[PDB]
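Single-structure report; data block below.
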Amino acid sequence: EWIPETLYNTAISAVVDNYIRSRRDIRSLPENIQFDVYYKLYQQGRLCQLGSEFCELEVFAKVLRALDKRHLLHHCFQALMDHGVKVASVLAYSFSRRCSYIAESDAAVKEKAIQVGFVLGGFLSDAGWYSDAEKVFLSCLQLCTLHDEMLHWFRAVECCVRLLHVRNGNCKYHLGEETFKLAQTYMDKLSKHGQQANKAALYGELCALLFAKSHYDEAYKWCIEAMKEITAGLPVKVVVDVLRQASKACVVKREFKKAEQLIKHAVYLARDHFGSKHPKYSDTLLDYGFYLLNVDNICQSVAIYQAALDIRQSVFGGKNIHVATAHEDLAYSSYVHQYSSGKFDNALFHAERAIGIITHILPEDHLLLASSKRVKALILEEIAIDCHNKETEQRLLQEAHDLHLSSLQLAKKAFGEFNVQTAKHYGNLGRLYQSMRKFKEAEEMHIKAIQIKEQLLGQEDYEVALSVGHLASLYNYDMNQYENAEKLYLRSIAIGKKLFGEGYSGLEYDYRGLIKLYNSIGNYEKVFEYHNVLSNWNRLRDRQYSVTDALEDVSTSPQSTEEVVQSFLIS
Amino acid sequence: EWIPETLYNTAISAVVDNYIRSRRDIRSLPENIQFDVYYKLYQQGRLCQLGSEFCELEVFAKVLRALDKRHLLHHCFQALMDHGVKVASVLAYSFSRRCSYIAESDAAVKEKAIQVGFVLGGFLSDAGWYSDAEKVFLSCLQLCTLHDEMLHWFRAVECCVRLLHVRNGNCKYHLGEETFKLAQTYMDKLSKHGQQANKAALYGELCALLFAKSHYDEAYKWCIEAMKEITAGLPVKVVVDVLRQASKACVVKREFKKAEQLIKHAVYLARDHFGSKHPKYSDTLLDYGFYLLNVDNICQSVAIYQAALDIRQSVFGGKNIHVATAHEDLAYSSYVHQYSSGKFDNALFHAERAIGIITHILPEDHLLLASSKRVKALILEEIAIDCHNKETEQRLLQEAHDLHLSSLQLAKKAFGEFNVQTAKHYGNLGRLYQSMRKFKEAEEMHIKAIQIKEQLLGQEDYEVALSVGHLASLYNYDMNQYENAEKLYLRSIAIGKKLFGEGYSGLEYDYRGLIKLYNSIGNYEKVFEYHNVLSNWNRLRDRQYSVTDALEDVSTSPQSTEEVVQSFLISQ
Amino acid sequence: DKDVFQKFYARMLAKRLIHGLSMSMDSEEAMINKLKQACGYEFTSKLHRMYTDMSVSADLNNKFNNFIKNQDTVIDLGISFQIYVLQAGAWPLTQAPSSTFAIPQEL
Amino acid sequence: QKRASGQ
Amino acid sequence: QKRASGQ
Amino acid sequence: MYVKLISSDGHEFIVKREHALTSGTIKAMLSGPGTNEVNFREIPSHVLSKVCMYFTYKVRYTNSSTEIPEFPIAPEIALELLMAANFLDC
Amino acid sequence: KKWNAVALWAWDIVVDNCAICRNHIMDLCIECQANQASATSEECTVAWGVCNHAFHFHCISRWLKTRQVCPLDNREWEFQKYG
Amino acid sequence: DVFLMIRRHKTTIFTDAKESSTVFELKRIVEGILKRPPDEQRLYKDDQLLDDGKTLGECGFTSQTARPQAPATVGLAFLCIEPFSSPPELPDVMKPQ
Ligand SMILES: [Zn+2]
Ligand SMILES: [Zn+2]
Ligand SMILES: [Zn+2]
Ligand SMILES: [Zn+2]
């Protein structure tokens, strides 16, 4: 149609083409214009002319007030970080140095810089630079501690709710508890002095910290406490933040009726306000796909991580931890979904991507690098079985052995010996030893895996049953201890149908194993007794398979706020 | 235990933090301060703020004169070139623009622009950016040659001896010979006016030009003029350059005893004067390992390339051409060292690094990519035969087929069909065809190289004996022509003891090439004869093989430069 | 908080074992073995390595005394002495050895 | 495939 | 192996 | 035991001698002809005060067990103080 | 005339970490810590190298099963001083 | 420990003192170099005289606000405390021009 360009979009391209002469005068332009000049520099690809200005804190304070075009700033910021220049670490250090100089000032200048820190530290934390956002908040925190009145106590607890969030994406859990304890010190002081603070966002972080350390018993306790303080006056960003973390603790609690209403309300609440492109919406989808994968709704769990990844791949550039986290979970979901098929080439690409990103931006001994490392190892051991080349079978299976042990060490260093995540690596390493023909070694890993999970989770739980089936296949298919395997298969059968029914698609490896269990010990009557149940499993799975996609399952306005909270709280 | 930061190093962090309000006022700081401010921009990661302050010649020249911390400057400069910014090209264009703007000015003012060109040209050539250091020197030679007087001819030859170095190092050999012809003009003007300059740097650099072009006979005869020009007043930089290039010519003309005393004195001279991690000392070690690779001390040579790569990887960063050639020499030395062991995992990585770097900083049609493409395929061929997969065997050698084809095409463009460097590509390609099921043309590739190598060197050189042993091994295992294969092992065995001795490492690959040549020919008594001498070869290898660190072998040479240069000329 | 109990017990087992003060060698083994099955298998690792070091100390001192008797030349130590060998990564006795010492000629 | 989906 | 060191 | 540290504008900044020995130039100024006054006609007083504030900051915090706080160097003073740090070799 | 003393023996390496498994050099390797901390404990030797980078023997054996270079310095690996 | 500077007209006393010390002993430190009688010398922080009876901690010179990098100030008189100098006013850049 050949429509001419607006005079604005023409004057933008004429001051950018004359940027060297006009760099001094551009910084004096209004915020809406100034960001559009800088975004034009990114569009032209002149990142050096741009990162020379974002490294200054004052300019990055001006381009942080453009809230409409923040989604363009994240892609412009992430492009700088991959370009070279450490624009995140320079901004965080340049703020801490400037923040440390106004300690001997009044409460007007200090509140000006604290608000800069809350939008800068609120941006680096949003872009994934948790190790660099914490340095901003730790400087904002020490501004609130200087003045000990009722006014600044509400900001010190506003830093500690954010410090507790940048210390979980950075997997610094052992500092998280000390942060929460310091928050209560600034909460009890404020609450006692005739001013009650909303303790809803802060307890939501503990619903993810204690979830991360596999304290699901403690996670659900703070899940209830978080939602008891949900008020309609809270920001939607805070409210959707509590819901997604509350869902993750409820799903791992293996109760799914209360879990769906929390996260489907969260996805709706993060889609009507934030829209289908804001990273927070994709953040909710990532936790929504956690619900789908644990309820055996694996078919549409891949489609919700792919949606979650595609949002983050557009807002958060190439090499970002948030993109890498989506690559990790999508690789795991594609691993689970296509486990039966045995084809892992898209899943391997996603798992390899999540390591090519995290190893670039995180140290070699980071906990989040360990969880993303186990997913490649799970994929590698299946390729090391499906491939028919013995040389490839041995070497690829050995590579997956170094990844689990490296992943186990990082989990064992921070989560301790007695945790589900540490035991989750024992079970994965147990399955690997089964494929490595080390059936003697595979016995003691699963025994240590079940004993840790049984002691912590309980005698009957979904995670315990899924670990037993790993041991049951060991005692049945390649160790010939059918008497020992007889109770193990039955143990997982009861738990498997306890929370999913007979149509649980994971029972295929449980029912078929029972058929091979009875094939070598006689009693062929029970072979047909389990043979029709496998057909019953076939009938009860494909009939319920036909269901609409979860993206439209939430639809438009399914329920209302302050109603899902009350419905969940009373139950 | 947590020492307080220095006031200077704390004011540096304060000034850098106010870069926006002081970037035009930092340039008024002292010379030693200015580098340390611009260093903190690299340390903090502000590459983009630094890149706009090293692309400017008016401020980069003030940084360059801080020669105390030049080892840090090479790290910052290299950290910018792979960052994305073209600091080398922009500094080349900025200086050429200044030269044209100042050519019409007074010759006294023109001398100052020459001195900046020597500092900037001497830096960009030290960093392995000869393709952009050429324009700095070209705009310096052109500037100095406008007025022809006795003062300008001193700088004109200096602008040309450096131009020879930056053209020879960039594989502009054809332009190098023409460049030396310009040098012959200015020395005559200086000589005819009652003045004499030292031509040791110029003559020695010409030797590297002829050595690269595989004119070993013409290169070695040029060492003598280079060596005799060495005096006491020459800088250690020049003396190491003459000795290092004379050693490479000496070791290629099979004069290892004379080559030893030279390069073992070059390493000591570089270490005694140029620290221990200077790029020049890394340059000496990269050609000291060249000497030890050609005198059958491979087990010690790779331990010196690792001592020359680890120097070039701490001064220069990645994506440099100096760390690229240090990779390509170790990737080949480890390939020779692990030929028997089959442990080419290290030698493949050091060859992919050299390939992944030169393909990034050099164009596709460059000769420096040829010398690194051949090596990567050499490791790539023995990985396939070690593997037990038909699918991997075909594709790996097919990749090795293209790499030799690319190397041969790239080498023939500049050298020609009758040079040893192009001849060596046929010999490596012929050995590849020995496992490519192309035996009919495999002998053709060998014999094409054989008659070239004999033509250029002779019948009594070690270079041809390597392919002669390879060509006759083709007959023994694939051509089944045992008649004309036994006549070539004897030629290879006789020259092995004549040159190296009984402990030559390649003597296993034709002694065991005779334990099977005579096995299927009928003779059985002579089979026991060469079975005995192979054990004799093993029995003398046990005592001959002494793994001593050659870095500490050259610790303190009791001879100075005067004794070595006279001892070399006395023998020759 | 069982982790702080292990540190407190190790800081007291180490002082108890090296001084020769013990009810019996098997009694400390039984206490160590009970924690291995009660709390955790890897919980009592440094604590278990604190044991089995004095157990092999008697074995080693027999070898050490036999070493000097089998010496070619006649070397007499004079002052009789025995040594308990302790792993650096197990015993909590490392502390901060920042002070040097020069033992005289008597030993 | 006999060990079900890896945890 | 069968062949000598490459060159 | 006290060193008379005058400024360009005739402003004196006397401090303990062991504190003034941190900078190698002042140690050289005390040596030779003339624990007395030293000419400082180039360095101004507003930046020499920060140098003297650094002197007690350097000596007191040597081998400190706790983490040393950042020495504050104001943006308006940073460039002038840096040359003073190099000239004094502090 | 009678004496008795302790000896805090440790391996000669000062890096203090096994670079493959990240465990402390004196403690059992991550492979020993995985299955049994006592049955396999006694053979958790450390192996040095020509580059003088002592690692856990089980860890360095796992490393040599897949790759053929020292992890820290990318040189070739040749044992010298099995501890 | 409390670090302070003492300024009468332009003399400056960068001498530390204990937070529990009294003004009396600090006055003896001033006479060590100024060689003047201590009774004549009087000190005036924020243009307010300090009693010799009260200790350093009772005058607001807390050790937590008397760091060596930024020591607290106190006047002196036998006030004419002239300022040191005016640092060059650096531009704010983002201000319009
Ligand atoms: Zn840049
Ligand atoms: Zn280890
Ligand atoms: Zn071990
Ligand atoms: Zn190493």
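In the structure tokens, each chain is lettered A, B, ... as it comes, each chain's residues begin at 1, and ligands are numbered from 1 in order of appearance.
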
Taking 2 positions as the minimum chain separation for residues in the same chain, which residues sit within 6 Å of range 16-24 of chain H when counting only C-alpha atoms? Answer as a list in words. residues 1, 2, 3, 26, 27, 52, 55, 56 and 57 of chain H

Need the shell around range 65-80 of chain F: protein/DNA/RNA residues with any atom at most 9 Å away, counting only C-alpha atoms. Skip same-chain ones fewer than 3 positions apart. Format as a ChimeraX atom specification? /A:97,100-101 /B:1-5,7,10-15,17-18,22,25-26,29 /F:43-44,46-47,50,54,57,61,83-85 /H:69-70,87-90

Contact residues around residue 38 in chain F with only C-alpha atoms at 9 Å, ignoring same-chain residues under 4 positions, as a PDB file with C-alpha atoms, in the first residue's frame:
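After the write, selection25.pdb holds the following:
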ATOM      1  CA  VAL F   3      53.714  16.941  59.559  1.00  0.00           C
ATOM      2  CA  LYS F   4      52.600  20.406  58.431  1.00  0.00           C
ATOM      3  CA  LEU F   5      50.605  19.636  55.268  1.00  0.00           C
ATOM      4  CA  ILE F   6      49.827  23.003  53.688  1.00  0.00           C
ATOM      5  CA  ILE F  26      55.442  12.636  51.278  1.00  0.00           C
ATOM      6  CA  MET F  29      59.372  15.048  50.876  1.00  0.00           C
ATOM      7  CA  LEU F  30      60.209  14.472  54.546  1.00  0.00           C
ATOM      8  CA  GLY F  34      63.728  19.766  55.602  1.00  0.00           C
TER       9      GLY F  34
END

At a cut-off of 9 Å, using only C-alpha atoms, what residues contact residue 2 in chain D? Leave out same-chain residues fewer than 4 positions from it and give the result as an MDAnalysis selection string. chainID A and resid 470 473 477 508:510 512:513

Residue selection dump (N, CA and C atoms) as a PDB file, in the first residue's frame:
ATOM      1  N   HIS A 470      10.760 -47.918  39.103  1.00  0.00           N
ATOM      2  CA  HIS A 470      12.133 -48.045  38.626  1.00  0.00           C
ATOM      3  C   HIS A 470      12.812 -49.259  39.243  1.00  0.00           C
ATOM      4  N   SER A 473      11.160 -52.638  37.893  1.00  0.00           N
ATOM      5  CA  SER A 473      11.688 -53.067  36.603  1.00  0.00           C
ATOM      6  C   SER A 473      13.078 -53.675  36.737  1.00  0.00           C
ATOM      7  N   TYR A 477      13.006 -57.463  35.162  1.00  0.00           N
ATOM      8  CA  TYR A 477      13.384 -57.665  33.768  1.00  0.00           C
ATOM      9  C   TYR A 477      14.821 -58.150  33.613  1.00  0.00           C
ATOM     10  N   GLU A 508       1.145 -48.219  32.181  1.00  0.00           N
ATOM     11  CA  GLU A 508       1.514 -49.100  31.079  1.00  0.00           C
ATOM     12  C   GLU A 508       2.808 -49.840  31.382  1.00  0.00           C
ATOM     13  N   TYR A 509       3.791 -49.142  31.945  1.00  0.00           N
ATOM     14  CA  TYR A 509       5.016 -49.791  32.389  1.00  0.00           C
ATOM     15  C   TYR A 509       4.833 -50.545  33.696  1.00  0.00           C
ATOM     16  N   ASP A 510       3.687 -50.382  34.358  1.00  0.00           N
ATOM     17  CA  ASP A 510       3.377 -51.110  35.579  1.00  0.00           C
ATOM     18  C   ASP A 510       2.557 -52.367  35.303  1.00  0.00           C
ATOM     19  N   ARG A 512       2.313 -53.920  32.189  1.00  0.00           N
ATOM     20  CA  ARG A 512       3.092 -54.790  31.312  1.00  0.00           C
ATOM     21  C   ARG A 512       4.191 -55.509  32.083  1.00  0.00           C
ATOM     22  N   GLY A 513       4.819 -54.823  33.040  1.00  0.00           N
ATOM     23  CA  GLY A 513       5.801 -55.477  33.887  1.00  0.00           C
ATOM     24  C   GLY A 513       5.217 -56.615  34.698  1.00  0.00           C
TER      25      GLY A 513
END

Could you give me, as a compact mmCIF listing (two decimals) with N, CA and C atoms, in the first residue's frame, the residues within 6 Å of residue 328 in chain A, counting only C-alpha atoms and dropping anything in the same chain fewer than 5 positions from it?
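around_0.txt was written with the following content:
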# COMPACT_ATOMS: atom_id res chain seq x y z
N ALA A 351 17.33 -29.52 25.71
CA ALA A 351 18.16 -29.77 26.88
C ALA A 351 19.58 -29.29 26.67
N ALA A 354 19.52 -25.46 27.06
CA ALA A 354 19.42 -24.99 28.44
C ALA A 354 20.76 -25.09 29.17
N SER A 372 19.16 -28.52 35.24
CA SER A 372 19.20 -28.51 33.78
C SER A 372 20.18 -29.51 33.21

Please give me, as a PyMOL selection string, the residues lying within 12 Å of ligand 2 when counting only C-alpha atoms and all ligand atoms. (chain A and resi 402+405-406+409) or (chain G and resi 16-34+44-47+53-63+71)

Write the selection just made, keeping N, CA and C atoms, as an mmCIF file, in the first residue's frame?
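File again_37.cif, as written:
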data_model
loop_
_atom_site.group_PDB
_atom_site.id
_atom_site.type_symbol
_atom_site.label_atom_id
_atom_site.label_comp_id
_atom_site.auth_asym_id
_atom_site.auth_seq_id
_atom_site.Cartn_x
_atom_site.Cartn_y
_atom_site.Cartn_z
ATOM 1 N N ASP A 402 28.427 -39.054 34.063
ATOM 2 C CA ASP A 402 29.102 -37.892 34.624
ATOM 3 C C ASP A 402 28.123 -36.769 34.924
ATOM 4 N N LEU A 405 26.119 -37.537 38.358
ATOM 5 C CA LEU A 405 26.988 -37.379 39.518
ATOM 6 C C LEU A 405 27.351 -35.917 39.740
ATOM 7 N N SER A 406 27.618 -35.181 38.659
ATOM 8 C CA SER A 406 27.807 -33.741 38.788
ATOM 9 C C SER A 406 26.534 -33.071 39.279
ATOM 10 N N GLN A 409 26.026 -33.972 43.028
ATOM 11 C CA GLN A 409 26.908 -33.279 43.958
ATOM 12 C C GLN A 409 26.391 -31.883 44.277
ATOM 13 N N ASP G 16 42.762 -28.498 47.005
ATOM 14 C CA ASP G 16 41.780 -28.867 48.023
ATOM 15 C C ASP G 16 40.444 -29.319 47.448
ATOM 16 N N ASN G 17 40.246 -29.264 46.135
ATOM 17 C CA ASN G 17 39.008 -29.711 45.515
ATOM 18 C C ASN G 17 39.319 -30.639 44.352
ATOM 19 N N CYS G 18 38.578 -31.739 44.263
ATOM 20 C CA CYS G 18 38.645 -32.608 43.095
ATOM 21 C C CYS G 18 37.831 -31.955 41.988
ATOM 22 N N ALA G 19 38.512 -31.470 40.952
ATOM 23 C CA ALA G 19 37.878 -30.611 39.960
ATOM 24 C C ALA G 19 36.804 -31.311 39.139
ATOM 25 N N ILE G 20 36.723 -32.637 39.176
ATOM 26 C CA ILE G 20 35.690 -33.335 38.417
ATOM 27 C C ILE G 20 34.404 -33.456 39.223
ATOM 28 N N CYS G 21 34.518 -33.760 40.516
ATOM 29 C CA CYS G 21 33.365 -34.012 41.366
ATOM 30 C C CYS G 21 33.077 -32.892 42.350
ATOM 31 N N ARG G 22 33.972 -31.919 42.486
ATOM 32 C CA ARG G 22 33.837 -30.745 43.346
ATOM 33 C C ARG G 22 33.796 -31.080 44.832
ATOM 34 N N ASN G 23 33.934 -32.349 45.206
ATOM 35 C CA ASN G 23 34.039 -32.682 46.616
ATOM 36 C C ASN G 23 35.413 -32.294 47.143
ATOM 37 N N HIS G 24 35.521 -32.239 48.464
ATOM 38 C CA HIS G 24 36.810 -31.999 49.092
ATOM 39 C C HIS G 24 37.762 -33.132 48.738
ATOM 40 N N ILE G 25 39.044 -32.795 48.605
ATOM 41 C CA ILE G 25 40.011 -33.785 48.139
ATOM 42 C C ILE G 25 40.170 -34.903 49.161
ATOM 43 N N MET G 26 40.085 -34.574 50.453
ATOM 44 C CA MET G 26 40.242 -35.592 51.484
ATOM 45 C C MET G 26 39.001 -36.465 51.609
ATOM 46 N N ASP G 27 37.831 -35.924 51.304
ATOM 47 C CA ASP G 27 36.601 -36.692 51.428
ATOM 48 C C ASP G 27 36.433 -37.653 50.288
ATOM 49 N N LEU G 28 35.521 -38.589 50.453
ATOM 50 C CA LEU G 28 35.274 -39.572 49.413
ATOM 51 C C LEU G 28 34.752 -38.890 48.159
ATOM 52 N N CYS G 29 35.049 -39.493 47.013
ATOM 53 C CA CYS G 29 34.575 -38.957 45.752
ATOM 54 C C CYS G 29 33.059 -39.091 45.663
ATOM 55 N N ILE G 30 32.472 -38.399 44.685
ATOM 56 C CA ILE G 30 31.025 -38.436 44.543
ATOM 57 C C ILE G 30 30.536 -39.817 44.132
ATOM 58 N N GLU G 31 31.396 -40.642 43.534
ATOM 59 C CA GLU G 31 30.976 -41.999 43.209
ATOM 60 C C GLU G 31 30.931 -42.870 44.458
ATOM 61 N N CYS G 32 31.918 -42.724 45.347
ATOM 62 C CA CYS G 32 31.881 -43.438 46.621
ATOM 63 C C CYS G 32 30.755 -42.926 47.508
ATOM 64 N N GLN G 33 30.546 -41.609 47.542
ATOM 65 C CA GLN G 33 29.467 -41.030 48.331
ATOM 66 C C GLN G 33 28.091 -41.427 47.823
ATOM 67 N N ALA G 34 27.994 -41.950 46.603
ATOM 68 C CA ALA G 34 26.693 -42.276 46.034
ATOM 69 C C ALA G 34 26.144 -43.581 46.595
ATOM 70 N N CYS G 44 39.455 -45.103 47.788
ATOM 71 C CA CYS G 44 39.270 -43.782 47.185
ATOM 72 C C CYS G 44 40.606 -43.038 47.196
ATOM 73 N N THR G 45 41.528 -43.560 46.395
ATOM 74 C CA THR G 45 42.861 -43.006 46.235
ATOM 75 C C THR G 45 42.786 -41.693 45.453
ATOM 76 N N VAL G 46 43.844 -40.892 45.540
ATOM 77 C CA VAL G 46 44.017 -39.737 44.668
ATOM 78 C C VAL G 46 45.144 -40.036 43.691
ATOM 79 N N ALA G 47 44.978 -39.571 42.460
ATOM 80 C CA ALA G 47 45.959 -39.745 41.400
ATOM 81 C C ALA G 47 46.449 -38.380 40.956
ATOM 82 N N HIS G 53 48.009 -32.125 38.916
ATOM 83 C CA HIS G 53 46.632 -31.794 39.277
ATOM 84 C C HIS G 53 46.009 -33.050 39.873
ATOM 85 N N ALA G 54 46.158 -33.221 41.184
ATOM 86 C CA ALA G 54 45.700 -34.443 41.831
ATOM 87 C C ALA G 54 44.181 -34.470 41.916
ATOM 88 N N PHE G 55 43.597 -35.591 41.514
ATOM 89 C CA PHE G 55 42.155 -35.774 41.501
ATOM 90 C C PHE G 55 41.815 -37.068 42.222
ATOM 91 N N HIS G 56 40.525 -37.287 42.449
ATOM 92 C CA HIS G 56 40.082 -38.571 42.968
ATOM 93 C C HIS G 56 40.316 -39.649 41.922
ATOM 94 N N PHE G 57 40.795 -40.811 42.371
ATOM 95 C CA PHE G 57 41.121 -41.874 41.428
ATOM 96 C C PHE G 57 39.882 -42.366 40.693
ATOM 97 N N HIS G 58 38.767 -42.524 41.404
ATOM 98 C CA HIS G 58 37.526 -42.887 40.730
ATOM 99 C C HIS G 58 37.066 -41.778 39.794
ATOM 100 N N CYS G 59 37.184 -40.521 40.230
ATOM 101 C CA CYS G 59 36.785 -39.400 39.386
ATOM 102 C C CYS G 59 37.664 -39.293 38.148
ATOM 103 N N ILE G 60 38.982 -39.426 38.311
ATOM 104 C CA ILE G 60 39.853 -39.335 37.147
ATOM 105 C C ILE G 60 39.672 -40.543 36.239
ATOM 106 N N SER G 61 39.318 -41.705 36.794
ATOM 107 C CA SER G 61 39.025 -42.854 35.945
ATOM 108 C C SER G 61 37.756 -42.629 35.133
ATOM 109 N N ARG G 62 36.719 -42.062 35.758
ATOM 110 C CA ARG G 62 35.515 -41.709 35.011
ATOM 111 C C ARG G 62 35.826 -40.690 33.927
ATOM 112 N N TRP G 63 36.671 -39.710 34.245
ATOM 113 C CA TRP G 63 37.051 -38.710 33.256
ATOM 114 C C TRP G 63 37.798 -39.342 32.092
ATOM 115 N N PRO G 71 41.170 -32.111 33.289
ATOM 116 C CA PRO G 71 40.055 -31.152 33.275
ATOM 117 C C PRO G 71 40.474 -29.697 33.420
#

What residues in chain C lie within 12 Å of chain G, counting only C-alpha atoms, written as a ChimeraX atom specification? /C:14-15,17-20,33,36,40-46,48-50,52-54,57,61,77-95,97,106-107

Excluding residue 109 in chain A and any residue of its chain fewer than 6 positions from it, enumerate the residues within 12 Å of it, using only C-alpha atoms, and give them as a PyMOL selection string. chain A and resi 98-99+101-103+115-116+143

Taking the DSSP secondary structure from the backbone, can you list the residues of chain G that are strand (DSSP E or B), as a ChimeraX atom specification? /G:2-9,17,24,46-47,55-56,69,76

Now that the selection is made, can you save its residues with C-alpha atoms as a short mmCIF file (atom, residue, chain, number, x, y, z; two decimals), in the first residue's frame?
data_model
loop_
_atom_site.label_atom_id
_atom_site.label_comp_id
_atom_site.auth_asym_id
_atom_site.auth_seq_id
_atom_site.Cartn_x
_atom_site.Cartn_y
_atom_site.Cartn_z
CA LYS G 2 58.36 -40.96 76.52
CA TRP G 3 56.34 -39.03 73.95
CA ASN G 4 53.08 -39.21 72.00
CA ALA G 5 51.69 -36.96 69.31
CA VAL G 6 49.08 -36.62 66.59
CA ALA G 7 49.55 -36.20 62.84
CA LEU G 8 46.95 -34.40 60.70
CA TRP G 9 47.98 -36.14 57.50
CA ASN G 17 39.01 -29.71 45.51
CA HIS G 24 36.81 -32.00 49.09
CA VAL G 46 44.02 -39.74 44.67
CA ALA G 47 45.96 -39.74 41.40
CA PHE G 55 42.15 -35.77 41.50
CA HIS G 56 40.08 -38.57 42.97
CA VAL G 69 42.71 -34.68 28.90
CA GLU G 76 47.33 -34.73 28.08
#

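The environment of residue 3 in chain E within 9 Å, counting only C-alpha atoms and disregarding residues fewer than 4 places along the same chain, consists of residues 431, 469, 470, 473, 474, 509, 510 and 513 of chain B.
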
If the limit is 7 Å from any atom of ligand 1, counting only C-alpha atoms and all ligand atoms, which residues qualify? Return them as a PyMOL selection string. (chain A and resi 47-48+51+83-85) or (chain B and resi 47-48+51+83-85)

6 Å from ligand 4 is the threshold here; counting only C-alpha atoms and all ligand atoms, which polymer residues fall inside it? Answer as number ranges by chain. G: 51, 53, 70, 72-73

Could those selected residues go to a file with C-alpha atoms, as a PDB file, in the first residue's frame?
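Output (out-v9.pdb):
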ATOM      1  CA  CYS G  51      50.505 -31.383  35.032  1.00  0.00           C
ATOM      2  CA  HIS G  53      46.632 -31.794  39.277  1.00  0.00           C
ATOM      3  CA  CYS G  70      43.163 -33.176  32.324  1.00  0.00           C
ATOM      4  CA  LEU G  72      41.723 -28.008  34.629  1.00  0.00           C
ATOM      5  CA  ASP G  73      44.642 -27.699  32.199  1.00  0.00           C
TER       6      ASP G  73
END

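Taking CA of residue 543 in chain B and CA of residue 296 in chain B as the two end points, the separation is 14.8 Å.
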
Would you return as a ChimeraX atom specification the members of chain G that DSSP assigns to alpha helix (DSSP H) on this structure's backbone? /G:30-35,57-66

Residues of chain A within 10 Å of chain G, using only C-alpha atoms, as a PyMOL selection string? chain A and resi 364-365+394-399+401-402+405-410+412-413+425-426+429-430+441-448
